[PDB]
Amino acid sequence: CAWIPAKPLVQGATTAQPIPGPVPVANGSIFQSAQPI
Amino acid sequence: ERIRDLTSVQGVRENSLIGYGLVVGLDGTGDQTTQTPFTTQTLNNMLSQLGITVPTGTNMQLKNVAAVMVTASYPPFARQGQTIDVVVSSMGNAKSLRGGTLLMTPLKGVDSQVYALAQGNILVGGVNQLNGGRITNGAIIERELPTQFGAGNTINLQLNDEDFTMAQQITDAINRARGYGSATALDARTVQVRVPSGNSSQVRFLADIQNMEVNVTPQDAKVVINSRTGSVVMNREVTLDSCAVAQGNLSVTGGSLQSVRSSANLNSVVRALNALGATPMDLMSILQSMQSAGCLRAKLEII
Amino acid sequence: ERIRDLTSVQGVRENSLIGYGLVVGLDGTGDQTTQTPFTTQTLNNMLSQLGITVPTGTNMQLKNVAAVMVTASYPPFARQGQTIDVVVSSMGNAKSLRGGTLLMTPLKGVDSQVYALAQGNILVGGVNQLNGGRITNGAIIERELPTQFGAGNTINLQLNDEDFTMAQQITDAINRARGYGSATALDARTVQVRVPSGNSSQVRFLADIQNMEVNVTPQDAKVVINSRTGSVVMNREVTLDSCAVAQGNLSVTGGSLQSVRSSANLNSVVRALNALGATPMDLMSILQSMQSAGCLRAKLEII
Amino acid sequence: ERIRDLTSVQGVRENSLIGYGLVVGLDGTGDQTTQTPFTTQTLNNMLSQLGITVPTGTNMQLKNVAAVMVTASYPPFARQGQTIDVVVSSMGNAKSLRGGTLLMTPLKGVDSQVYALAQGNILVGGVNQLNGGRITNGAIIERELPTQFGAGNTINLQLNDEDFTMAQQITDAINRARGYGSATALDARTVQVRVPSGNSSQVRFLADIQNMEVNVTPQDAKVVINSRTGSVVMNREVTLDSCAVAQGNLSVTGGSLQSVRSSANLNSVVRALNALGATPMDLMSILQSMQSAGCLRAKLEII
């Protein structure tokens with residue numbers, strides 16, 4: 001009865017790969033902000 | 001020299017660099033290190049890097065070492081190997097930084113990347129500040145920033161102070177000595193100039209542009225009041241209207257209500273306001289009340 | 001001598017070297033060594049290297065030994081066997097380094113590699129700093145850095161201060177005494193020169209270039225204020241506009257609002273500002289308020 | 001004598017030697033030996049070597065013995081049997097080394113090999129340092145270093161200070177009195193000379209080279225400030241621009257803002273800076289502020 005396939009409570013992926021960030025613009029500044037929310 | 005003193009070039013800007021370091025060689029005027037654990041922690045880190053591993057459980061009570069923050073400006077078009085000045089400021093319970101030496105300090109940017117390496121001897125004045133100093137050529141640039149200078153046929157001159165009249169005047173001045181359509185104003189603060197394609201060509205063009213002289217046009221009437229320092233500054237375009245002013249312990253020299261003569265130029269304004277015999281602390285309140293009433297025909301800013 | 005005093009050569013730069021050492025021979029003015037365990041630990045390391053193994057459990061309470069950090073500059077094109085000056089700074093609770101001797105100290109780079117070996121006698125002034133000294137020719141270079149000098153046909157002169165006019169002026173000066181296309185400006189801070197292929201040829205070319213004299217062009221108007229030392233410095237291109245200044249305990253010598261005459265050159269500015277009778281501490285606030293209002297036609301920097 | 005005073009020969013360099021020893025014969029001004037166990041441990045080692053085995057459990061409380069570190073320079077082309085000077089520095093809680101005698105001390109190199117043996121009488125000045133002395137001809141060389149001198153047809157002269165103009169000038173001077181292609185500059189700091197194959201031939205060639213006189217060319221403008229000793233030194237190539245200087249308690253002798261006249265040569269600079277009536281402590285801050293503003297046309301170094 002413990003061998004019956006079951007759906008977990010927290011479905012899906014339990015990890016997220018950090019997304020690489022945008023390439024800085026060529027404006028002469030060190031501060032570069034990604035697409036602001 | 002007017003255009004360079006009035007505007008700035010697009011993309012030619014200074015960044016800010018920050019880092020943490022240690023200052024050694026102080027005459028017993030460093031951190032207590034019992035209330036600033038980071039000083040001893042970073043000293044132990046430096047020793048461990050250099051090859052000395054001090055035991056974890058031990059008491060170090062230093063007196064010649066201070067933990068400091070170093071700040072600098074990354075200049076436009078900085079190339080690796082050049083030197084810049086840095087400012088060294090103590091961070092915890094240090095008495096002085098008189099004759100200390102800044103050890104190797106990496107100056108990070110906003111992106112937390114090392115753009116300069118700082119190390120040198122601090123110069124402290126000697127009523128002078130003791131926990132703050134400056135090192136001339138104390139940091140060497142290690143990273144360069146890519147730029148778009150030399151690409152495209154447009155360059156923006158950004159006015160330091162926004163003014164439609166001044167923007168139009170710079171546009172007309174560039175378009176008088178440099179061709180018909182060499183400049184177009186985009187807003188109250190930006191003048192777009194057409195530059196030849198290339199890198200040295202734009203350098204030559206901007207060298208020509210920068211030293212041109214423009215006739216500065218009347219620029220708003222404003223009275224700046226600094227209450228924290230107790231100072232008042234009025235520019236030339238400040239005027240007055242005839243109205244009566246009363247304030248404590250001030251009287252006609254004979255009642256307490258003194259008539260202030262309408263005034264057209266700045267000399268008239270100064271004479272009329274000095275006729276009241278008002279201390280600048282009283283003069284600030286007088287100016288604020290007159291701005292409320294409407295006698296003062298200027299923009300009152302409190303800085 | 002203008003080009004050498006204004007620019008620097010690409011790849012000809014100074015690095016920073018750091019190391020840890022011990023200073024011996026002090027007249028009882030060394031570390032307490034009970035609050036600085038690294039002093040005794042490194043002394044025991046030195047003895048163990050030299051052939052003396054002091055027991056681990058023992059109390060050493062020295063008075064003539066101080067743990068110090070040594071800093072130096074690795075000069076351009078340094079060759080092994082040459083000597084450089086070092087700066088010796090105490091690191092923990094040492095009273096003085098008057099007549100101490102720096103023992104063998106390896107000066108590491110940023111890459112944690114030994115580039116110099118330091119050992120010598122410290123010279124301490126003798127209000128003078130006691131925990132900081134300098135040793136002339138106190139370190140010998142042990143490692144050399146490869147370089148690309150002599151390879152390629154381009155050399156970059158990097159201006160110390162960015163200026164399109166100065167870059168163009170250096171470009172035109174190099175292109176007057178050294179051929180038509182011998183120099184091209186790349187940005188406000190870089191002038192690229194074409195050099196013959198080879199090593200001695202580039203040395204000869206740069207020797208010619210460096211001593212050339214360029215006519216320095218007007219360079220921005222700026223007022224530098226150092227509040228920590230209480231100093232104000234204005235260059236020649238600073239001007240003023242007519243406006244009224246009021247500040248505490250300052251009066252016309254008769255109200256508190258003093259008119260400052262418009263000023264074209266620096267002598268006029270100095271006379272107008274001295275007419276106010278302002279202490280430099282008051283003058284700093286006056287200049288800041290005038291910059292806010294708009295009378296001061298210069299760039300106010302606080303250093 | 002210019003070439004010898006300006007350059008150094010490749011491979012002709014001085015090394016650093018270090019060793020540990022005991023100084024005996026002091027008038028009760030040695031280590032306490034209760035806080036410096038290595039003194040008694042090494043004395044017992046010396047006695048055990050000489051044939052006296054003191055019991056392990058015993059209390060020795062000496063007063064005429066001090067543990068010292070000896071430092072020396074290994075000279076170029078040193079041969080065994082020659083004598084060198086050594087510096088003797090106390091290592092732990094010793095009052096003085098007035099009339100002590102240095103016992104047999106092996107001076108190790110970086111490679112931990114004995115290159116000299118040191119033993120002699122210490123000369124201490126007698127405000128004089130008491131824990132540091134010097135022994136002239138106090139060490140005898142015991143090991144020699146192999147060298148490549150006399151092999152090959154190239155010898156590098158390494159300039160003490162890097163300069164393309166000076167390197168080119170030395171190259172042209174060697175190539176005037178010693179043939180057409182006798183010297184070639186490799187970088188700002190190295191001049192490669194072609195020497196005959198052999199050992200005495202190169203000695204003769206370098207003897208000729210070393211005493212030649214070269215006309216020293218203008219060498220950068222720099223202001224050296226030593227804040228730890230409170231000294232300022234300006235070389236001949238330092239100039240000034242006209243600008244106004246204000247600092248605390250300094251006034252025209254009549255406001256606080258004093259105009260500094262543009263200055264071309266060093267005498268003009270000295271007169272202009274003395275017109276301010278500034279103490280060197282104030283002069284350091286003035287120079288730093290002027291370097292920030294741009295009046296000071298020199299390289300400000302803080303040593």
# chains A, B, ... in the order shown; residues from 1 in each chain; ligands from 1
>>> residues_around(residues="region 226-237 of chain C", least_positions_apart="4", cutoff="9 Å", atoms="only C-alpha atoms", output="ChimeraX atom specification")
/B:1,124-130,132-133 /C:218-222,264-267,280-281,283-284,298,301-303 /D:241-248,257,282,285-286,289-290,292-295
>>> residues_around(residues="residue 90 (chain D)", least_positions_apart="3", cutoff="12 Å", atoms="only C-alpha atoms", output="PyMOL selection string")
(chain C and resi 22-30+62-66+99-101+103) or (chain D and resi 20-24+29-31+36+39+65-71+87+93-98+100+102+122+129-134)
>>> write_last_selection(atoms="N, CA and C atoms", output="short mmCIF file (atom, residue, chain, number, x, y, z; two decimals), in the first residue's frame")
data_model
loop_
_atom_site.label_atom_id
_atom_site.label_comp_id
_atom_site.auth_asym_id
_atom_site.auth_seq_id
_atom_site.Cartn_x
_atom_site.Cartn_y
_atom_site.Cartn_z
N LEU C 22 59.38 41.88 11.18
CA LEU C 22 59.68 42.21 12.56
C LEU C 22 60.76 43.27 12.59
N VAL C 23 60.63 44.21 13.52
CA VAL C 23 61.61 45.26 13.74
C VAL C 23 62.23 45.03 15.11
N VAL C 24 63.55 44.90 15.14
CA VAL C 24 64.28 44.57 16.36
C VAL C 24 65.27 45.69 16.65
N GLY C 25 65.74 45.73 17.89
CA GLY C 25 66.67 46.75 18.31
C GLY C 25 66.05 47.97 18.93
N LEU C 26 64.76 47.92 19.27
CA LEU C 26 64.09 49.04 19.88
C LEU C 26 64.47 49.15 21.35
N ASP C 27 64.43 50.37 21.88
CA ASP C 27 64.85 50.63 23.25
C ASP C 27 63.66 50.46 24.21
N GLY C 28 63.16 49.23 24.25
CA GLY C 28 62.03 48.93 25.12
C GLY C 28 60.72 49.49 24.64
N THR C 29 60.62 49.86 23.37
CA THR C 29 59.44 50.48 22.81
C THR C 29 58.78 49.59 21.76
N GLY C 30 58.83 48.28 21.95
CA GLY C 30 58.18 47.34 21.07
C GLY C 30 56.83 46.91 21.59
N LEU C 62 58.56 40.08 25.32
CA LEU C 62 59.60 40.88 24.69
C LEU C 62 59.29 42.36 24.84
N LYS C 63 60.32 43.18 24.68
CA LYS C 63 60.16 44.63 24.70
C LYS C 63 60.90 45.33 23.57
N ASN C 64 61.80 44.66 22.85
CA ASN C 64 62.58 45.28 21.79
C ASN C 64 62.15 44.83 20.40
N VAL C 65 61.01 44.16 20.28
CA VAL C 65 60.56 43.59 19.01
C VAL C 65 59.17 44.12 18.72
N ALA C 66 58.95 44.56 17.48
CA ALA C 66 57.65 45.03 17.03
C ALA C 66 57.27 44.36 15.72
N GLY C 99 65.02 53.39 16.54
CA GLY C 99 66.24 52.90 15.94
C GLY C 99 66.21 51.42 15.61
N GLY C 100 65.06 50.93 15.17
CA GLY C 100 64.92 49.52 14.90
C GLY C 100 65.48 49.12 13.56
N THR C 101 65.63 47.81 13.38
CA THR C 101 66.16 47.24 12.16
C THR C 101 65.15 46.25 11.62
N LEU C 103 63.99 43.12 9.80
CA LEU C 103 64.55 41.83 9.43
C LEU C 103 64.03 41.42 8.06
N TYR D 20 71.29 34.71 14.08
CA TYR D 20 70.97 34.88 15.49
C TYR D 20 72.23 34.65 16.31
N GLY D 21 72.43 35.47 17.34
CA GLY D 21 73.61 35.33 18.16
C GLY D 21 73.35 35.78 19.59
N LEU D 22 74.40 35.68 20.40
CA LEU D 22 74.39 36.14 21.77
C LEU D 22 75.45 37.21 21.95
N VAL D 23 75.13 38.22 22.74
CA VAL D 23 76.05 39.30 23.07
C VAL D 23 76.35 39.20 24.56
N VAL D 24 77.63 39.09 24.89
CA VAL D 24 78.07 38.88 26.26
C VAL D 24 78.98 40.03 26.66
N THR D 29 73.01 44.74 31.78
CA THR D 29 71.98 45.30 30.92
C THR D 29 71.56 44.32 29.83
N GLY D 30 71.55 43.03 30.15
CA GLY D 30 71.11 42.01 29.24
C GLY D 30 69.67 41.61 29.48
N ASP D 31 69.27 40.50 28.88
CA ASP D 31 67.91 40.02 29.00
C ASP D 31 67.61 39.61 30.44
N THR D 36 62.42 35.64 28.33
CA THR D 36 62.99 35.33 27.02
C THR D 36 63.69 33.98 27.14
N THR D 39 67.07 32.94 25.11
CA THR D 39 68.42 33.35 25.52
C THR D 39 69.10 32.26 26.32
N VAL D 65 74.01 38.79 29.38
CA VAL D 65 73.84 38.11 28.11
C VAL D 65 72.55 38.60 27.46
N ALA D 66 72.62 38.92 26.17
CA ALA D 66 71.46 39.33 25.41
C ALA D 66 71.37 38.55 24.11
N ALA D 67 70.16 38.13 23.75
CA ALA D 67 69.93 37.46 22.48
C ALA D 67 69.67 38.51 21.41
N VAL D 68 70.43 38.45 20.31
CA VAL D 68 70.41 39.50 19.30
C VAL D 68 70.26 38.88 17.92
N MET D 69 69.78 39.70 16.99
CA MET D 69 69.73 39.37 15.57
C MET D 69 70.77 40.20 14.84
N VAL D 70 71.55 39.55 13.99
CA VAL D 70 72.62 40.19 13.24
C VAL D 70 72.22 40.22 11.78
N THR D 71 72.34 41.39 11.16
CA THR D 71 72.00 41.58 9.76
C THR D 71 73.20 42.15 9.02
N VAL D 87 75.15 44.62 11.58
CA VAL D 87 74.31 45.40 12.48
C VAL D 87 73.69 44.44 13.49
N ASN D 93 63.68 42.41 25.68
CA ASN D 93 63.79 43.06 26.99
C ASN D 93 65.21 43.24 27.50
N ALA D 94 66.11 43.71 26.64
CA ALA D 94 67.47 44.04 27.03
C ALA D 94 67.60 45.55 27.14
N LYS D 95 68.24 46.01 28.22
CA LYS D 95 68.34 47.44 28.45
C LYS D 95 69.32 48.10 27.49
N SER D 96 70.48 47.48 27.28
CA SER D 96 71.53 48.10 26.48
C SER D 96 72.47 47.03 25.96
N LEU D 97 73.25 47.41 24.95
CA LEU D 97 74.31 46.59 24.38
C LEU D 97 75.61 47.38 24.33
N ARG D 98 75.90 48.14 25.40
CA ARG D 98 76.95 49.15 25.36
C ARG D 98 78.30 48.56 24.97
N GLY D 100 79.16 45.11 24.71
CA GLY D 100 79.06 43.68 24.54
C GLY D 100 79.91 43.16 23.40
N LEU D 102 79.90 40.16 20.38
CA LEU D 102 79.08 39.23 19.63
C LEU D 102 79.83 37.91 19.49
N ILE D 122 80.85 45.24 19.66
CA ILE D 122 79.81 46.14 19.20
C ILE D 122 80.17 47.57 19.58
N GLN D 129 70.66 55.26 20.49
CA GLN D 129 70.11 53.92 20.61
C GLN D 129 71.07 53.03 21.39
N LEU D 130 70.53 52.28 22.36
CA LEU D 130 71.34 51.40 23.19
C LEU D 130 71.24 49.94 22.81
N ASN D 131 70.13 49.51 22.20
CA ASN D 131 69.95 48.12 21.82
C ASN D 131 70.35 47.84 20.38
N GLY D 132 70.95 48.81 19.71
CA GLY D 132 71.41 48.60 18.35
C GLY D 132 72.83 49.09 18.16
N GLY D 133 73.67 48.27 17.54
CA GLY D 133 75.05 48.61 17.32
C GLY D 133 75.53 48.12 15.97
N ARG D 134 76.77 48.46 15.65
CA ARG D 134 77.38 48.07 14.39
C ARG D 134 78.79 47.58 14.64
#
>>> interface_residues(of="chain A", to="chain B", cutoff="12 Å", atoms="only C-alpha atoms", output="NGL selection string")
:A and (21 or 23-34)
>>> closest_residue(among="C:276, C:185, C:288, C:215", to="residue 255 (chain C)", atoms="only C-alpha atoms")
C:276
>>> select_by_dssp(residues="region 184-285 of chain C", states="strand (DSSP E or B)", output="list in words")
residues 184, 185, 190, 191, 192, 193, 194, 222, 223, 224, 225, 226, 231, 232, 233, 234, 239, 240, 243, 244, 245, 246, 247, 257, 258, 259, 260 and 263 of chain C
>>> write_last_selection(atoms="N, CA, C and O atoms", output="tab-separated table (two decimals), in the first residue's frame")
chain	number	residue	atom	x	y	z
C	184	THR	N	47.03	60.32	-32.86
C	184	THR	CA	45.59	60.42	-33.02
C	184	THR	C	44.94	60.29	-31.65
C	184	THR	O	45.22	59.34	-30.93
C	185	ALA	N	44.09	61.25	-31.31
C	185	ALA	CA	43.39	61.21	-30.03
C	185	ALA	C	42.23	60.24	-30.12
C	185	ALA	O	41.46	60.27	-31.08
C	190	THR	N	43.10	59.91	-23.86
C	190	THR	CA	44.05	59.02	-24.51
C	190	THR	C	44.46	59.59	-25.86
C	190	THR	O	43.61	60.01	-26.64
C	191	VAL	N	45.77	59.59	-26.12
C	191	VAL	CA	46.33	59.97	-27.41
C	191	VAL	C	47.15	58.80	-27.91
C	191	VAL	O	48.13	58.41	-27.27
C	192	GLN	N	46.76	58.23	-29.04
C	192	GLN	CA	47.46	57.09	-29.61
C	192	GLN	C	48.49	57.60	-30.61
C	192	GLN	O	48.15	58.34	-31.53
C	193	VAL	N	49.75	57.21	-30.42
C	193	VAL	CA	50.84	57.61	-31.28
C	193	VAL	C	51.34	56.38	-32.02
C	193	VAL	O	51.32	55.26	-31.51
C	194	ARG	N	51.79	56.60	-33.25
C	194	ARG	CA	52.35	55.55	-34.09
C	194	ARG	C	53.86	55.54	-33.91
C	194	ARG	O	54.52	56.55	-34.15
C	222	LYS	N	37.00	75.88	-11.01
C	222	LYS	CA	36.62	75.07	-9.87
C	222	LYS	C	37.16	75.67	-8.58
C	222	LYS	O	38.27	76.21	-8.55
C	223	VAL	N	36.36	75.56	-7.53
C	223	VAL	CA	36.73	75.98	-6.19
C	223	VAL	C	36.81	74.72	-5.34
C	223	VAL	O	35.80	74.02	-5.15
C	224	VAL	N	37.99	74.42	-4.83
C	224	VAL	CA	38.21	73.26	-3.98
C	224	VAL	C	38.14	73.70	-2.53
C	224	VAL	O	38.85	74.61	-2.11
C	225	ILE	N	37.26	73.05	-1.76
C	225	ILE	CA	37.09	73.32	-0.34
C	225	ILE	C	37.45	72.06	0.42
C	225	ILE	O	36.87	71.00	0.18
C	226	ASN	N	38.40	72.17	1.34
C	226	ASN	CA	38.77	71.08	2.23
C	226	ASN	C	38.31	71.49	3.63
C	226	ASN	O	38.98	72.27	4.31
C	231	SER	N	40.55	74.77	4.21
C	231	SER	CA	41.26	75.48	3.17
C	231	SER	C	40.38	75.64	1.94
C	231	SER	O	39.55	74.78	1.64
C	232	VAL	N	40.56	76.75	1.23
C	232	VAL	CA	39.84	77.03	0.00
C	232	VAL	C	40.85	77.43	-1.06
C	232	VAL	O	41.72	78.27	-0.81
C	233	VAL	N	40.73	76.84	-2.25
C	233	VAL	CA	41.62	77.13	-3.36
C	233	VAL	C	40.79	77.35	-4.61
C	233	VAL	O	39.99	76.48	-4.99
C	234	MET	N	40.98	78.49	-5.27
C	234	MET	CA	40.27	78.82	-6.49
C	234	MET	C	41.28	79.02	-7.61
C	234	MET	O	42.29	79.70	-7.43
C	239	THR	N	34.82	82.98	-11.77
C	239	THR	CA	34.20	84.29	-11.89
C	239	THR	C	33.06	84.41	-10.88
C	239	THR	O	32.71	83.46	-10.19
C	240	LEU	N	32.49	85.61	-10.80
C	240	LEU	CA	31.38	85.89	-9.90
C	240	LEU	C	30.34	86.72	-10.62
C	240	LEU	O	30.64	87.41	-11.59
C	243	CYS	N	25.74	89.83	-6.57
C	243	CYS	CA	24.66	89.34	-5.71
C	243	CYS	C	24.99	89.70	-4.27
C	243	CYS	O	26.12	90.04	-3.93
C	244	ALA	N	23.98	89.62	-3.41
C	244	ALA	CA	24.09	90.06	-2.03
C	244	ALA	C	24.32	88.86	-1.11
C	244	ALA	O	23.70	87.81	-1.28
C	245	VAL	N	25.22	89.04	-0.15
C	245	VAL	CA	25.62	87.98	0.77
C	245	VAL	C	25.39	88.46	2.20
C	245	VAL	O	25.79	89.58	2.55
C	246	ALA	N	24.73	87.64	3.00
C	246	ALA	CA	24.53	87.91	4.42
C	246	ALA	C	24.97	86.70	5.22
C	246	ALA	O	24.66	85.56	4.85
C	247	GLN	N	25.70	86.94	6.30
C	247	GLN	CA	26.08	85.85	7.19
C	247	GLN	C	26.27	86.39	8.60
C	247	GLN	O	26.41	87.60	8.81
C	257	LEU	N	23.79	92.91	4.93
C	257	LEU	CA	23.68	92.39	3.58
C	257	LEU	C	24.67	93.14	2.70
C	257	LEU	O	24.47	94.32	2.39
C	258	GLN	N	25.75	92.47	2.30
C	258	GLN	CA	26.84	93.10	1.57
C	258	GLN	C	26.77	92.71	0.10
C	258	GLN	O	26.67	91.53	-0.23
C	259	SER	N	26.84	93.70	-0.78
C	259	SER	CA	26.78	93.45	-2.21
C	259	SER	C	28.15	93.02	-2.73
C	259	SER	O	29.17	93.59	-2.35
C	260	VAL	N	28.21	91.90	-3.45
C	260	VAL	CA	29.48	91.36	-4.02
C	260	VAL	C	29.53	91.72	-5.50
C	260	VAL	O	28.67	91.24	-6.25
C	263	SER	N	32.48	89.86	-11.09
C	263	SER	CA	33.93	89.77	-11.20
C	263	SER	C	34.29	88.90	-12.40
C	263	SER	O	33.72	87.83	-12.58
>>> closest_residue(among="B:3, B:50, B:92, B:135", to="chain D", atoms="only C-alpha atoms")
B:135
>>> atom_distance(atom1="CA of residue 106 (chain B)", atom2="CA of residue 72 (chain C)")
16.4 Å
>>> residues_around(residues="residue 4 (chain C)", least_positions_apart="5", cutoff="12 Å", atoms="only C-alpha atoms", output="ChimeraX atom specification")
/C:9,157-160,170,206-214 /D:163-165,218-222,237,297-299
>>> write_last_selection(atoms="N, CA and C atoms", output="short mmCIF file (atom, residue, chain, number, x, y, z; two decimals), in the first residue's frame")
data_model
loop_
_atom_site.label_atom_id
_atom_site.label_comp_id
_atom_site.auth_asym_id
_atom_site.auth_seq_id
_atom_site.Cartn_x
_atom_site.Cartn_y
_atom_site.Cartn_z
N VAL C 9 52.78 56.96 -19.95
CA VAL C 9 52.89 56.00 -21.04
C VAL C 9 52.10 54.75 -20.69
N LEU C 157 49.43 57.55 -24.86
CA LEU C 157 49.68 58.53 -23.82
C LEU C 157 48.37 58.83 -23.11
N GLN C 158 48.34 58.62 -21.81
CA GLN C 158 47.13 58.76 -21.00
C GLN C 158 47.25 60.07 -20.23
N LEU C 159 46.35 61.00 -20.53
CA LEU C 159 46.35 62.29 -19.84
C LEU C 159 45.99 62.10 -18.37
N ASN C 160 46.68 62.84 -17.50
CA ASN C 160 46.37 62.76 -16.08
C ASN C 160 44.98 63.29 -15.77
N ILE C 170 47.74 68.06 -27.49
CA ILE C 170 48.86 67.13 -27.52
C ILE C 170 48.93 66.42 -28.87
N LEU C 206 59.74 57.89 -27.73
CA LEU C 206 59.14 58.41 -26.51
C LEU C 206 60.05 59.40 -25.80
N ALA C 207 61.37 59.24 -25.90
CA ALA C 207 62.28 60.24 -25.36
C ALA C 207 62.07 61.59 -26.05
N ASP C 208 61.96 61.57 -27.38
CA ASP C 208 61.62 62.78 -28.11
C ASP C 208 60.29 63.36 -27.63
N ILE C 209 59.26 62.51 -27.58
CA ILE C 209 57.91 62.97 -27.25
C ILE C 209 57.85 63.62 -25.87
N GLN C 210 58.50 63.01 -24.88
CA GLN C 210 58.24 63.35 -23.49
C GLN C 210 58.63 64.78 -23.13
N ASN C 211 59.70 65.30 -23.72
CA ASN C 211 60.19 66.62 -23.35
C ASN C 211 59.56 67.74 -24.18
N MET C 212 58.65 67.42 -25.09
CA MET C 212 57.98 68.45 -25.86
C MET C 212 57.09 69.29 -24.96
N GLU C 213 56.94 70.56 -25.32
CA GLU C 213 56.14 71.50 -24.55
C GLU C 213 54.88 71.87 -25.33
N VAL C 214 53.76 71.74 -24.61
CA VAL C 214 52.41 72.01 -25.15
C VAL C 214 51.87 73.21 -24.38
N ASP D 163 63.38 56.55 -16.96
CA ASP D 163 63.21 57.72 -17.81
C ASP D 163 63.62 57.38 -19.24
N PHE D 164 62.70 57.57 -20.19
CA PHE D 164 63.05 57.32 -21.59
C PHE D 164 64.11 58.30 -22.08
N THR D 165 64.00 59.57 -21.68
CA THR D 165 65.00 60.55 -22.09
C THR D 165 66.37 60.21 -21.52
N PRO D 218 65.95 67.51 -17.75
CA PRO D 218 64.87 67.81 -16.83
C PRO D 218 64.16 66.53 -16.38
N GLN D 219 63.84 66.37 -15.09
CA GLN D 219 63.27 65.06 -14.68
C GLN D 219 61.97 65.17 -13.89
N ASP D 220 60.87 65.53 -14.54
CA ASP D 220 59.53 65.51 -13.90
C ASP D 220 59.42 66.56 -12.80
N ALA D 221 58.21 67.04 -12.60
CA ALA D 221 58.06 68.00 -11.51
C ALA D 221 57.30 67.32 -10.39
N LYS D 222 57.87 67.32 -9.19
CA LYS D 222 57.24 66.61 -8.09
C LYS D 222 57.49 67.33 -6.78
N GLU D 237 61.58 71.67 -11.37
CA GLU D 237 60.59 71.73 -12.46
C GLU D 237 59.17 71.95 -11.94
N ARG D 297 51.25 72.66 -10.70
CA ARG D 297 51.58 71.87 -11.88
C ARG D 297 52.79 70.99 -11.58
N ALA D 298 52.56 70.01 -10.71
CA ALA D 298 53.59 69.07 -10.30
C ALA D 298 52.92 67.81 -9.79
N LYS D 299 53.73 66.78 -9.56
CA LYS D 299 53.25 65.50 -9.05
C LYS D 299 53.44 65.48 -7.54
#
>>> closest_residue(among="B:254, B:138, B:57, B:81", to="chain D", atoms="only C-alpha atoms")
B:138
>>> select_by_dssp(residues="region 48-228 of chain D", states="alpha helix (DSSP H)", output="ChimeraX atom specification")
/D:48-50,164-177,200-210
>>> write_last_selection(atoms="C-alpha atoms", output="CSV table (one decimal), in the first residue's frame")
chain,number,residue,atom,x,y,z
D,48,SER,CA,76.7,21.8,25.5
D,49,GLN,CA,78.6,22.3,22.3
D,50,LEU,CA,81.6,23.5,24.2
D,164,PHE,CA,63.0,57.3,-21.6
D,165,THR,CA,65.0,60.5,-22.1
D,166,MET,CA,67.7,59.5,-19.6
D,167,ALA,CA,67.9,56.0,-21.1
D,168,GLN,CA,68.3,57.5,-24.6
D,169,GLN,CA,70.9,60.0,-23.4
D,170,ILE,CA,73.0,57.2,-21.8
D,171,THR,CA,72.6,55.2,-25.0
D,172,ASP,CA,73.9,58.1,-27.1
D,173,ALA,CA,76.7,58.8,-24.6
D,174,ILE,CA,78.0,55.3,-24.7
D,175,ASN,CA,77.6,55.2,-28.5
D,176,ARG,CA,79.7,58.4,-28.8
D,177,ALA,CA,82.9,57.5,-26.9
D,200,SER,CA,88.9,41.1,-18.1
D,201,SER,CA,87.7,42.6,-21.3
D,202,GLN,CA,84.3,43.3,-19.9
D,203,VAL,CA,85.9,44.6,-16.7
D,204,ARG,CA,87.9,47.1,-18.8
D,205,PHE,CA,84.8,48.1,-20.8
D,206,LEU,CA,82.7,48.7,-17.7
D,207,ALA,CA,85.5,50.7,-16.1
D,208,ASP,CA,85.5,52.9,-19.1
D,209,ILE,CA,81.7,53.2,-19.2
D,210,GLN,CA,81.2,53.9,-15.5
>>> atom_distance(atom1="CA of residue 60 (chain B)", atom2="CA of residue 59 (chain C)")
15.9 Å
>>> atom_distance(atom1="CA of residue 186 (chain C)", atom2="CA of residue 199 (chain B)")
5.6 Å
